[PDB]
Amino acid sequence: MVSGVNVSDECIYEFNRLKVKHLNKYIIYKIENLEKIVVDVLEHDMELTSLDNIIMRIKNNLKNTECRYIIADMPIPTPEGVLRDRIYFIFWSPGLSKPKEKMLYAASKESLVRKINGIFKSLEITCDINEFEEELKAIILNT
């Protein structure tokens, strides 16, 4: 939809540091004051290797009552497999987030994604925070 939020330049700055300079393992973005998409969290630990561990770390930054966009460089072995890093974009949209926020995040998602080239897969997760970790894994693993 046509709601009124724009995208801060630091957003793409950090994504590029993740994608190109591999200095970030994941970035969590949020809408600040209902009108600007901004960086909420950056994981600089480029020595984080486990998928399950990265999913756990992301989960600990999320809540049942607020929407987030997450970009994560996921360490994923080929059907071989030689661990290839894939960029996932995740729209966390839990049920207990208020509607004003749910709609705004959904209506703004495109504004963010269309600036972010190189995404391996874009995902929407709307389960309870208790199943976040299992659901993301299931999705990632079922191709």
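Heads up: residue numbers just count along the shown sequence, starting at 1.
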Please work out which of 77-85 and 110-118 has the higher mean CA B-factor as recorded in the PDB entry. 77-85
Do the C-alpha atoms of 130-138 or of 6-14 have the higher average B factor in the entry? 6-14
Highest CA B factor of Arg68, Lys36, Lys63, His44, as deposited, is found at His44
Report the third (lowest, middle or highest) to which the CA temperature factor of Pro99 belongs, ranking only the modelled residues of the same chain. highest
Ranked against its chain, the third holding the CA B-factor of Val20: highest
